Each structure stands twice: as structure tokens, then as C-alpha cells.
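At position 33 of the sequence shown the residue is numbered 33 (PDB author numbering), and the sequence of numbers has no breaks.
Every residue gets a Cβ at the ideal spot worked out from N, C-alpha and C, and that includes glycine.
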Amino acid sequence: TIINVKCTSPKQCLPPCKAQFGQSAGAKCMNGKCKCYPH
């Protein structure tokens with residue numbers, strides 16, 4: 001679920017994206033917002 005949240009690094013995108021899907025949710029951030037990829 002691509003999220004329009006703000007980010008400074010995709011690293012901080014995993015924790016938040018890891019509390020919605022689980023510890024498998026792979027997410028990233030293009031210097032601007034995170035991205036959640038359910039799997």
C-alpha cells in the first residue's frame with residue numbers, strides 16, 4: 001500500500017510499514033515519502 005507519508009530514509013519507512021502488515025512488509029522512500037509493498 002504505497003503510503004504518502006514523509007521520510008528522510010526508507011529505513012524509517014520499514015518500522016511504520018512493519019506495524020501495519022508485519023515484519024515482512026517491504027517498504028522504501030524516494031527522498032520524500034515511504035512506500036509499502038505487501039508480500
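Closest to residue i by C-alpha separation, out of the options, would be which residue?
i  : options       : result
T8 : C34, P38, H39 : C34
Are the beta-carbon atoms of residue i and residue j separated by less than 9 Å?
i   : j   : result
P15 : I3  : no
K6  : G32 : yes
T1  : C36 : yes
In this structure, what does DSSP give as the bridge partners for residue i?
i   : result
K18 : According to DSSP, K18 bridges with nothing at all.
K11 : Note: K11 sits in no beta bridge, so no partner.
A25 : Paired residues: none, contrary to the question.
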